[PDB]
Amino acid sequence: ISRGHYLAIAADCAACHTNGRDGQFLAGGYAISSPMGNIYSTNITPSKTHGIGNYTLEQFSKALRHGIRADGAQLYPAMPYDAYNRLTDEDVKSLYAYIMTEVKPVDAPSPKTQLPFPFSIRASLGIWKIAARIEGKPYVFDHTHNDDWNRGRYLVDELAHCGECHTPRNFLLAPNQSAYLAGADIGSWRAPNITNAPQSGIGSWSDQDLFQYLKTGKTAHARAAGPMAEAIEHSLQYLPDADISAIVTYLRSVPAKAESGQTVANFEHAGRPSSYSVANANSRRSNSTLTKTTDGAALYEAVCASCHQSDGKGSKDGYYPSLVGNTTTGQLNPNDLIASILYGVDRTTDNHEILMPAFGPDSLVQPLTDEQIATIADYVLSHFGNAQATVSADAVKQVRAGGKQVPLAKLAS
Amino acid sequence: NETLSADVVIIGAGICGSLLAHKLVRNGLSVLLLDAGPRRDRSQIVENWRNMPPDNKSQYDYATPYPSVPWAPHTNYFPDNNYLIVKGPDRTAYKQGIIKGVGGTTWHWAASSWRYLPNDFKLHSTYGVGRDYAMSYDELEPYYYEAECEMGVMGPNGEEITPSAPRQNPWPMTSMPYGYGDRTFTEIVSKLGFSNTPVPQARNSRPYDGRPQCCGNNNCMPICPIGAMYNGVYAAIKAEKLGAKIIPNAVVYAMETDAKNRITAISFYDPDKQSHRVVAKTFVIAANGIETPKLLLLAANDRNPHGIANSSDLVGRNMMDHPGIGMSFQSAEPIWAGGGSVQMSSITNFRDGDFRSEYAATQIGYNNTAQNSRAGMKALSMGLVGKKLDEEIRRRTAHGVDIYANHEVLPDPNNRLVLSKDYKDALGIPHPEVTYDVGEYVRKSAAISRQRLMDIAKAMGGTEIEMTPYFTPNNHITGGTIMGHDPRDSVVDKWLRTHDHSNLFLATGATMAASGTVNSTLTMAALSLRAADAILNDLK
Amino acid sequence: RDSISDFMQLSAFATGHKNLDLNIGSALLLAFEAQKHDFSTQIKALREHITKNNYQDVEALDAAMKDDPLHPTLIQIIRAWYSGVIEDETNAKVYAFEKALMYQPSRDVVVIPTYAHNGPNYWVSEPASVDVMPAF
Ligand SMILES: Cc1cc2nc3c(=O)[nH]c(=O)nc-3n(C[C@H](O)[C@H](O)[C@H](O)COP(=O)(O)OP(=O)(O)OC[C@H]3O[C@@H](n4cnc5c(N)ncnc54)[C@H](O)[C@@H]3O)c2cc1C
Ligand code: HEC
Ligand code: HEC
Ligand code: HEC
Ligand code: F3S
């Protein structure tokens with residue numbers, strides 16, 4: 001592949017500008033769930049009529065690094081131009097060449113993003129950019145570190161823009177650079193702490209485990225779901241081993257940020273040698289459409305024990321992950337466990353597809369209510385994961401609604 | 001309920017009814033889906049099966065995990081609940097299993113999705129026996145493929161297994177690999193001269209339809225714990241998501257016709273025998289090969305004194321299934337049943353031929369259900385103790401084999417489904433009653449199938465060989481509302497619309513004019529989608 | 001707890017397998033005592049027979065008790081531990097599934113149906129020998 005194609009894969013610029021599996025790639029039309037509403041990715045194919053085919057190199061650079069459209073309109077920060085801002089000029093030119101010469105034009109306009117007032121006018125974003133402190137000198141190599149560290153920092157910060165999801169946002173929905181890579185809620189999902197904190201972050205992960213997770217999304221203690229599965233299956237599985245090694249090298253040097261109430265790492269929680277009762281289920285025969293099953297152990301056995309075993313250790317070949325020692329069940333924040341139960345897992349790497357079915361209201365296999373999901377999550381947390389974490393029906397409902405509403409979104413009421 | 005209006009009302013939320021409802025709501029029609037049974041949860045059925053006694057697992061009890069509701073009971077044969085009365089010389093061959101509820105009997109089927117051979121649609125024209133379908137295989141092929149795509153059917157994509165149904169497109173998925181038992185059976189019966197080929201199954205050899213890949217839970221009958229196979233509740237859920245309205249526990253019992261014999265309304269009961277009226281532009285009965293004729297006969301009017309759509313006196317007649325001979329033995333060499341699904345391959349060698357003018361074509365198959373429960377119960381019955389008990393259990397689960405041979409039955413007018421004059425249920429509705437005779441066609445086929453099964457058992461060095469002296473039921477209820485071109489000799493036409501009532505469609509296996517040789521639910525689904533096309537053309 | 005301890009010891013002797021679930025054993029003992037009021041004294045008599053005659057395994061005890069009236073209850077205990085049921089009806093209560101001792105001698109090869117073996121395509125591998133008893 002070209003240098004521009006490699007940069008487009010590394011930056012994952014096609015994971016948002018392609019509307020799902022269908023929706024010919026780089027044509028836009030993909031809806032991003034922002035706190036203020038839905039923002040649609042635009043047509044980036046070099047169509048002179050509906051795409052960016054009339055863009056010059058300077059116009060493309062402005063749109064990519066500064067968030068200013070060709071017209072002069074401000075782009076919404078759903079486009080990570082705050083991360084792409086420090087891309088070198090050579091990388092911007094390579095991306096421009098790849099867009100102009102290697103992606104086929106698509107003549108189909110994308111849906112226009114309509115946001116509630118006062119966010120409808122994309123002219124106040126200048127003051128937002130001033131407050132966000134985006135600029136932004138182009139990246140140059142730090143000569144105190146080695147080349148691997150610099151390349152890993154460039155990949156993490158400018159191309160793969162990990163902090164877009166792993167660094168929490170402040171009140172104005174701008175990056176909080178004090179809590180760099182300390183974990184953030186990005187809707188129904190939470191990107192966990194990936195600092196070098198031994199307990200809060202990924203500091204206690206083995207280097208091979210981190211490499212394997214970044215390359216494949218699968219590890220004996222961690223499985224990638226939600227936005228992480230998409231990031232890995234669209235960008236990170238195609239990166240060279242040197243790229244993943246550099247990312248790991250940089251990540252091992254990220255200063256630690258501690259989480260409140262953490263004593264052991266997310267993957268270091270042992271399992272209670274406890275389970276359900278087959279005898280107690282005998283009263284529940286002749287009781288189709290389980291509503292009288294309120295026991296967490298019984299619900300887990302009925303809905304979950306088939307794949308993850310009754311002891312919560314999964315299958316021997318590792319296809320079904322062990323819930324014991326798993327970073328999702330071991331988090332003090334049970335957001336990811338709720339999201340996994342609600343939406344399942346779907347991750348295609350090397351053309352092979354992981355899938356855990358969804359168990360939310362829209363499920364085909366077994367729809368569960370907020371109370372049933374909370375009960376199952378509580379049983380899993382007590383017996384296989386973080387025993388200090390708890391889940392309630394309101395928490396499940398909030399995850400279903402798209403996470404907690406940020407205070408800024410209250411302005412559009 | 002006041003009037004419960006809709007464009008189309010479908011009676012029965014089975015695979016046929018739910019697929020029809022989904023296609024209709026996907027095309028802008030207002031749909032009312034009625035089911036006499038309750039809503040069911042898969043995980044609760046899984047728990048019920050797990051807490052079902054091991055003797056009920058060794059002997060294939062497929063109905064106990066699904067509780068039977070008194071207002072709309074279904075069949076149970078551990079201890080027989082007498083919902084379906086069967087008479088005749090071959091009554092044992094019509095002791096069939098049905099499940100009532102949203103999702104229907106496909107809640108607990110094996111999910112063997114089969115396309116019929118082209119000759120199977122013109123049997124009488126080809127061999128001079130039975131009846132010809134009102135349509136050809138070429139007319140049902142697009143709907144065959146549509147049902148396969150919706151249901152997620154895997155099959156032997158690159159393979160010339162035998163003369164089989166010609167395809168225009170490959171299967172949506174490729175067949176998952178065989179387990180040890182299927183491989184061993186294939187080599188043995190290939191040495192025997194039989195062609196063991198993969199069964200096309202509505203099962204996930206890869207993640208499909210947002211549902212997991214099959215991990216080989218080997219409990220397809222009676223419940224998949226993880227949804228790696230198709231159940232009609234999927235189509236019901238998708239239809240409801242698109243605006244279809246579903247009323248469970250809606251036991252339809254009455255129909256009203258106008259001066260043109262078009263249906264104007266239907267009446268159903270709730271569990272408390274309260275009557276509700278439903279008016280629609282189009283009425284579809286998708287209940288069963290048993291429940292559809294029962295509803296048609298029970299709803300007799302003054303305009304239709306002998307039953308709805310019974311001007312030909314054929315409603316309930318020509319009842320068909322695939323009569324079966326079962327065998328079980330202990331193989332000399334280990335077979336290790338249980339790898340993959342419960343039905344992974346079958347001998348398709350004798351599905352067609354020139355012999356079909358004399359005796360029935362057949363399907364010989366090997367059961368892949370795990371024999372661990374059966375081995376444990378049998379070894380406990382021998383009074384063994386200690387290490388001998390464990391050794392016996394292990395040997396018997398490694399060596400136990402279940403084998404079957406299913407036959408094709410011709411449509412016989414005296415194979416009938418009259419309403420019973422001796423038994424009723426809570427709502428006072430009479431029980432179905434079937435008089436069944438297999439016929440000399442199947443008896444001559446069985447004289448050969450028995451020798452074939454004996455040859456299979458001998459080739460495997462089988463001991464403790466046990467054949468059923470009777471015929472067994474295979475749950476593919478066809479006939480009862482026969483299709484054809486002549487209104488004097490059939491109940492519905494090629495579009496599944498009844499001849500008597502232009503308002504009424506019957507999306508059921510009872511419409512099928514021949515039973516074929518293999519499982520018939522895929523043909524049912526294809527015919528339901530064809531009827532969906534007809535209904536859409538009628539209402540637009 | 002004396003009755004439970006005696007039942008669990010006699011069960012470990014009768015089934016020949018030391019690792020038996022205590023919750024399953026407690027439920028089985030409660031069901032056995034509900035069905036038969038004199039179950040505990042029969043358990044004590046069987047244990048007295050074992051200790052007095054110094055039987056090494058259940059094979060010798062079964063061989064030397066083929067006609068004594070305590071044979072049916074010993075066979076019933078073995079059957080309850082292996083099958084997971086005590087009665088013989090289609091509505092009999094199930095006290096153990098996937099932990100019943102009759103699914104264990106084939107666990108390394110054969111699926112306990114509603115629970116998965118390792119992976120969506122594990123059955124492409126060759127099975128183990130019938131002559132090698134796994135575990136437990
Ligand atoms: C154990 C088993 C295994 C099987 N395996 C296979 C297989 O491998 N391959 C295959 O092709 N087929 C198989 N079958 C057959 C298959 O299950 C049926 O052919 C299939 O379900 C088609 O049924 P249906 O959709 O016509 O109606 P069903 O799903 O049987 O019933 C539809 C609904 O009608 C409702 N109903 C009935 N009467 C009324 C009324 N008066 N008012 C309102 N609602 C009513 C019922 O409650 C029910 O929910 C199997 C069957 C069994 C029992
Ligand atoms: C029933 C109530 C549950 C619960 C509580 C969980 N699962 Fe599963 N699960 C399955 C697979 C294949 C995966 C991982 C994907 C792969 O590696 O390709 C998972 C993942 C999870 C997680 C999180 C793991 C991660 O780190 O994100 C959790 C907390 C979890 N599951 C809990 C497989 C299955 C099933 C297959 C048949 C079924 C059923 C379930 N899971 C059900 C449940
Ligand atoms: C870019 C270079 C990176 C790197 C190095 C990582 N991520 Fe993410 N990530 C996201 C989410 C939602 C999750 C958790 C999902 C769940 O709750 O199941 C993760 C997870 C990780 C981990 C695992 C941490 C653990 O203990 O589970 C690691 C090591 C990791 N990430 C590193 C979300 C996102 C994104 C959303 C837009 C983006 C971009 C990234 N992650 C990018 C990166
Ligand atoms: C990887 C290289 C990459 C390139 C090159 C790129 N984007 Fe965008 N992009 C957007 C959104 C959303 C907008 C429009 C929002 C706005 O108007 O403020 C946009 C706007 C643009 C525009 C403005 C042109 C127009 O018609 O609006 C260009 C050019 C562009 N992106 C190019 C989401 C993304 C995402 C989301 C995950 C990613 C990654 C992303 N974009 C990556 C990239
Ligand atoms: S029970 Fe399910 S996991 Fe597969 S073997 Fe049958 S579809």
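Letters go in sequence order (proteins before strands), and every chain restarts at 1.
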For A:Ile134 versus A:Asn85, what's the shortest heavy-atom pair and its separation? O-OD1, 3.3 Å

Which atom of A:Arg65 lies closest to which atom of A:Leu87, heavy atoms considered: NH1-O, 2.8 Å

Sequence-distant partners of C:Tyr115, ring-ring contact (aromatic ring centres under 6.0 Å, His included), two or more places apart: none

Tell me which pairs pass side chain to side chain donor-acceptor pair (under 3.5 Å) where either residue lies in residues 391-406 of chain A, with sequence neighbours left out. A:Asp370-A:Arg400

For atom NZ of A:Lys62, is the number of surrounding heavy atoms from other residues, nucleotides or ligands below 6.0 Å larger than 12? no

Let me confirm one number: the CG-CH2 distance from A:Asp207 to A:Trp205, rounded to the nearest 0.5 Å. 12.0 Å

Short N-O contact, A:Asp91 and A:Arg86, less than 4.0 angstrom: no

Below 30° counts as parallel, above 60° as perpendicular, anything between as tilted: where do the rings of A:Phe267 and A:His221 land? tilted

Are a donor atom and an acceptor atom from the side chains of A:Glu371 and A:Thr369 found within less than 3.5 Å of each other? yes

For A:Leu155 versus A:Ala10, what's the shortest heavy-atom pair and its separation? CD2-CB, 4.4 Å

Identify, with sequence neighbours excluded, every residue that meets ring-ring contact (aromatic ring centres under 6.0 Å, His included) alongside A:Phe384. A:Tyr300, A:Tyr379

Got a second to check how far A:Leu337's CG is from A:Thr328's OG1, nearest 0.5 Å? 7.5 Å

Just verifying a value: how many Å separate A:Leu181 CG and A:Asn196 CG, rounded to the nearest 0.5 Å? 11.0 Å

Indicate every side-chain donor-acceptor pair of residues 33-40 of chain A with a distance under 3.5 Å to a residue at least two apart or in another chain.
from: A:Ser34; atom 1: OG; to: A:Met36; atom 2: N; distance (Å): 3.3
from: A:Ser34; atom 1: OG; to: A:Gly37; atom 2: N; distance (Å): 3.3
from: A:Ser34; atom 1: OG; to: A:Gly37; atom 2: O; distance (Å): 2.8

If only side-chain N and O atoms count, and only distance matters, is there a donor-acceptor pair under 3.5 Å linking A:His145 with A:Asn150? no

Taking ring-ring contact (aromatic ring centres under 6.0 Å, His included) as the test, write out the residues that go with A:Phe60, two or more places apart. A:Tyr96

Side chain to side chain donor-acceptor pair (under 3.5 Å) contacts touching residues 177-195 of chain A (sequence neighbours left out): A:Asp157-A:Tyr180, A:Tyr180-A:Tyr250, A:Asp185-A:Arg190, A:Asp185-A:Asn335, A:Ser188-A:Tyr343, A:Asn193-A:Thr195

Test item: A:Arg169 and A:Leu408 side chains (from C-beta on) under 4.5 Å apart, heavy atoms: no

